[PDB]
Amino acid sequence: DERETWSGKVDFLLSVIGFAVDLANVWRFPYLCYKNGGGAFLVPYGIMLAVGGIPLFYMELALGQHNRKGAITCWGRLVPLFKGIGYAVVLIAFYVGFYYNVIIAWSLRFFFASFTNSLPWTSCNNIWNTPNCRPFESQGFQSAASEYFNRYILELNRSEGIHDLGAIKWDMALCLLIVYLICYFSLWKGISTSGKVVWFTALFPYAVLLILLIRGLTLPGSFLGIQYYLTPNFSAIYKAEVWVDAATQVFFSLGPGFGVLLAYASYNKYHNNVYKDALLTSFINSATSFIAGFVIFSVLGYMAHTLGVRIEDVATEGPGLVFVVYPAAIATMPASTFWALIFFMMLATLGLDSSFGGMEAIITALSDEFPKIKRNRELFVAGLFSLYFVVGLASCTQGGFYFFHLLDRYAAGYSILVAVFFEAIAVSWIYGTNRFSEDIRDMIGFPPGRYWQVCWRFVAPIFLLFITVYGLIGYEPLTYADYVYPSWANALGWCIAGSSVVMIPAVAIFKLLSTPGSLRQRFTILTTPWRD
């Protein structure tokens, strides 16, 4: 019966808040508003959030709290045929850990290089620069902040592709180690410790965002950036691509299918209200990105005014925004050293809490499956983080970014789309919504409304299929800058993307072979829950 529980109610929430809110909040959402017509983009965003994202977010949190056990066992007890979902969901998170942590390493690497009052990325006269360098972003040229991030920090110019990784940056390897050391000691003991640590990692960004919002809006031309941000264009509502970006962002911003929400909620009390938790968490996540947009664009508008740079050049997504564009502006304004330290520390704290969840989803799921793992929990995560750090050295190479960009697209790619798709179908059809509503009623006291039941069985599979289809329509071979990945690199990634998905039919097929009977009895044997 007994399993440990959170040491507080707030600890669970901030743990989920932290996991959900990451660099993608800062570096993708604000760009989507600018690109898709501003404040008008909130309309498809809100709708897709309402019908697509939150019901799926609600589902995992509900499933986790009810079955009270990790990802693999949860789907094992729910639909024994589909237990492979529990395997796919875990090793997806296992793949992400090989790359995602290198972003935090960059943040610390910048944070460490941020002790000085003359910032190294301001000037074009340094040793790592080239004639194409310009003080700020320009068409056809390279910014000083750019050449610092590539030719110095990453040393990416040493590499011709993914076939050549080059030497190993040991300043990066040190930064990566520190990250895992922080992760190890936080995640070491159960939620009695890691649950407390998130009080920093989750809250501290809001502290920095506050003082960066004040600093941002006070800059000359800050109001100009806000217009580039929220100025409504409703012509984009008719555009199908906008509905795809809104649907994709909503789905990825709150992650289902890493088993994290499933694991995190599994430590909640049975009669805890997980419906209010899902609503509170989802809102804060969306609210964070909205606020973060003001921070970015007030500074982006400051650049387009006083620094005389095109808004098209400085408006960007991905790591390029926070590691190049944004620090370039910081250096220009007074007390630059202060804004630099809190920003790169914020980036680090934005990465850590997320990494906590992803790893915890692996630990908890393997702890409930294999009893021997719960004993000597650290012996497991030491060997786990060792394997991560050893392979993580490849991310610390000169061709490290080429490796990072590969796993970013594939590991976390369509793998998780078809995984969550089978999650909704298994629950709402195979397991049934009647059972799911009955379970939720027994927990929070009341059953889900008619709205939530329709979304789960009908809207959500369409919602995910709508994204998956237009993702494949819009498929191109993986490329970065002018470098096109070799066809064996794309193939390797699809295996990484497929090694998860393949768990669904495999574990299903392997289970049928171990059951007695003709096809008709054994499949009702495998669709029978653990509560019978």
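Throughout, we count residues from 1 along the sequence that is shown.
Quick one: say whether 508-516 or 14-22 has the higher mean Cα B-factor in the deposited entry. Mean C-alpha B-factor is greater for 508-516.
Higher-B stretch (mean Cα B-factor, as the entry records it), 320-328 or 235-243: Result of the comparison: 235-243.
Quick one: classify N273 as lowest, middle or highest third of the chain based on its Cα B-factor. It belongs to the lowest third of the chain when residues are ordered by C-alpha B-factor.
B-factor third for the C-alpha atom of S289 within its chain: Tercile = lowest for this residue's CA B-factor.
With respect to C-alpha B-factor, does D408 fall in the lowest, middle or highest third of the chain as deposited? Its C-alpha B-factor belongs to the middle third of this chain's values.
Among the chain's modelled residues, which third holds the C-alpha B-factor of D313? Answer is middle: the recorded C-alpha B-factor places it there.
Entry-reported Cα temperature factor of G64, expressed as the chain third it lands in: It belongs to the lowest third of the chain when residues are ordered by C-alpha B-factor.
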